[PDB]
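Okay, structure first, notes after.
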Amino acid sequence: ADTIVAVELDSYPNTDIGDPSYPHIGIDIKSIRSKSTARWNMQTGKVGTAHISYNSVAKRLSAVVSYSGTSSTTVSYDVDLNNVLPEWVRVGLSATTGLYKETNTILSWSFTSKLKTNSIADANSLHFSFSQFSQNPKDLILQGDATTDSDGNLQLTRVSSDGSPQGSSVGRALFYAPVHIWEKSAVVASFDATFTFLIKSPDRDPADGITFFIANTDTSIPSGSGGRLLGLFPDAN
Amino acid sequence: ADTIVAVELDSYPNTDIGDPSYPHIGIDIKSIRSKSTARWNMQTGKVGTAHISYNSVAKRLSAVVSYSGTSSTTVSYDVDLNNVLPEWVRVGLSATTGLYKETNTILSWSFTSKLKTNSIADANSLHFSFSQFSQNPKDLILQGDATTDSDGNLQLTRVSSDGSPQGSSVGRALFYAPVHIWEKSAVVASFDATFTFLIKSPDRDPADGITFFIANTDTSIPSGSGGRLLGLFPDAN
Amino acid sequence: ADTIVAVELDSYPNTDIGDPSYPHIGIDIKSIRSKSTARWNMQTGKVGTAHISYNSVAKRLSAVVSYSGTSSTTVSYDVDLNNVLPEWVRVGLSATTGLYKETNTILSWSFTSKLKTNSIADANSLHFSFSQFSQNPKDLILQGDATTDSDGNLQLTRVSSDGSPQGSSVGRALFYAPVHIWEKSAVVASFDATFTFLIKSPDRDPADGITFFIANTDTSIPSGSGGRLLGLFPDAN
Amino acid sequence: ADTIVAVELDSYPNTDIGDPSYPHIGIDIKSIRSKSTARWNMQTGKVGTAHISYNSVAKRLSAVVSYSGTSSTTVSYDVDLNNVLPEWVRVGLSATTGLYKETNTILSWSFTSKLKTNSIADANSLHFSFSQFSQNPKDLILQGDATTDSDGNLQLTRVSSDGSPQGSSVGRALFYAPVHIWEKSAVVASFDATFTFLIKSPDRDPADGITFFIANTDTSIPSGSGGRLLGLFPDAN
């Protein structure tokens, strides 16, 4: 199976697999059953922003999800990630719908990884930033239903020609190049990610959510990973 | 008095004011009596590197001090810094000698602060990097004995025309511009700093150390802050 | 007198001091009489963006001023800037009104300077970015009429409590720290600047314009520099 | 055939295909016959640094190649690159030996591309930096003889187990992800690259050189591109 570390923006509470009874953000370490969650007052139809950070000295994975003027939700978890993940990874965004649905629209996405040793000049860094997505994004690996649309946005899940979201959809976008997130001689390894998103829905209880995730480089959408599994895991273990 | 947050590279153990009985790195929150320390196997005559990081989501101030091939020391402390520090600050390096002495030579120094809201474009950022220091550094506020020398290095404490360190010395260097490290509407505030240093000494027990610190913008060397107080505090409370 | 290098967004044609007969952007080297200009179809009431770049290898100062979907104007000039400017400078924005008027509202401003030698790690860099301006910007030197307003914007020229622009106004904002833009041992020196602006006016022929400029560190608004002189020069020579 | 833009550090003068009669740096636009060259006093056995820059406003491709304390060579050429290159590219380093030989050792390599529109936040950016190369660089496409060695350096051309260079060698390293270097709606597109290199040789006239190049994403070493052709072109046209 894949090896998965993820920050989930979980719009739909699946209490039968350990979700809290409200929409939440969570930190997922090799399981959909989040190691840490926080209540998320998500705002359908508003543009939100997520910021995710980690470094190997502090060993604290943190995320904040915000809507201008409305709400800020933070979640953190203490974990040695470079003990969980392989040394080379790909990074990506995932999203799903299930019986219930929502758009999972990514408006922008940026990421920075640094592998330091003894200097101000790092041993390695990778930074990418997209504030719009081209119609043929050659630096993205699109998986499942993920497409880019005429407005330059990344639609992780299926939307109709009029933009209405569809159920039973899964899609992911990985950055094309592998990322060297740890190396035995590194003094410190860090990563930071930001994305902005727009979740719209006609459902009373929209679903299922969006994640930023880090995985083995050959990661692919698991069989049976739809809906509540957010396109990351094959089961709810 | 000034308001001080600092990471100390403390070369001399002053057990009578709460130092551990070995050279150590420490996190100092408004007191020379570190809130957290780690044993530091410091290598006289070798170039070392310090990396310091913090963000307001994780609320964990961490530092790693390293010598290539030799040693790595890490220390962390959980603290809401933007509750300790004013909204505007200056950032700097300090060093001292006392009865015992050492060079406190800074070879390079970089710093980044970010004040984010809802976007990939921050509300504010400041980044500076020096890999050498000019003879008249107009973007530094030099305090006490601090000078720049013919090799382009920053000598925080007094050195002879032949480079031999002198006792009873204190010096600091602040970046000229104030730094906006928090603002009530910020989603996240972060800072990162790196410097490389060279501590040489003919003393069996060199002293006193080097710090990276953050203070009120009008910070100045306190009266009586020499030696064990590292040019940051007026007393050992 | 001051030593001035500037990119002017000149909204008002003063043909009697060498302006073209249309609104224009220009490159100014120690004179309001631009060394190079380009016609600027400026859009009152729309947010524009300016990008300015230079490096000491290419020795070409270039600027592009754009309005989304509407227009793009470019101007360039071949010049050895590090032969014109002192080694230490301050960088800033200026604006004026005269008999005719306009708002000179800066919404965001960023700047990067790099002083390189033999490595990927530079000898020096400075980067700052403002996507909003605080009510008390301690890292800006405000000169003349320049203020920051309740929306977080920088108003270079005087505006009424209702936002109506006033005539006979001059204002500038400098970054607080001096910038080391050349050094004899540098392999390459570069700078880049971006700002976004909003010019509104009830006048048929708004005036006078906005500049990004680089000057001696002790630069101040010259006597008699109002209106057509854009707060940069004491005369039209 | 491939579409090639390159900066060549040409150590061996092949006057029969248009080289100057001395080692030189050159700007190559779809031909090994450089559009612009400069004399290069290359220093065998010393570490050199190359810096390359371009932006679509200035439309000037420039390079500087330097040895600390010894020499600086600059070359520039005015060209609309985004009229020469496809919209998506890969970027890389190449090197060759022929009858004569040299090591073509890359010690570090960094690259930044920016695709801007109306804001401080770009429409796209990609930045990578390597100050050492891992034994299995999963973010590099190694072509021909290129390998990474035990010191963490990139050896573009073949070297013996003792480090002696071999003749008749060609090797290239491309960054894994494609790069979006132009887009019709971009206000400005820019790129910058730096690498440091070490050329050693026992030959009186070492050969053949190192390039930084930009090409169609599916670029590969052309048949017959050895020696004087630097692994970039199939012929000397």
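By letter and in written order, the chains are A, B, C and D; residue numbering begins at 1 in each of them.
We adopt the following convention: a residue touches a chain if its C-beta (ideal position, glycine included) is under 8 Å from a C-beta of that chain, and two chains touch if they have at least 3 such contacts.
A.B. asks: When I count C-beta pairs in contact, which pair ends up with more: C-D or A-C?
C.D. replies: Counting C-beta pairs in contact, C-D comes out ahead.
A.B. asks: What pair in B-D, C-D or A-D shares over half of its contact pairs, by residue number, with A-B?
C.D. replies: Copy of the A-B interface among the listed pairs: C-D.
A.B. asks: Centroid from C-alpha atoms only, then distance subunit C to subunit D, rounded to Å. What do you get?
C.D. replies: Distance between chain centres, rounded to whole Å: 36 Å.
A.B. asks: Cα centroid separation between subunit A and subunit C, in whole Å?
C.D. replies: Their C-alpha centroids are separated by 40 Å.
A.B. asks: Mark out which residues of subunit A touch at least two other chains, giving numbers and ranges.
C.D. replies: 108, 117, 119-121, 129, 131, in rising order.
A.B. asks: Would you tell me which residues of subunit D are touching subunit A in their complex?
C.D. replies: 88, 108, 117, 119, 121-132, 134, 138-139, 175-180, 183, 217
A.B. asks: Residue numbers of subunit B touching subunit D in their complex, please.
C.D. replies: 119-121
A.B. asks: Note which residues of subunit D are touching subunit C in the complex, please.
C.D. replies: 47-49, 51, 53, 55, 57-58, 60, 62-64, 66-68, 72, 74, 76, 108-110, 116-120, 129, 131, 187-188, 190, 194, 196
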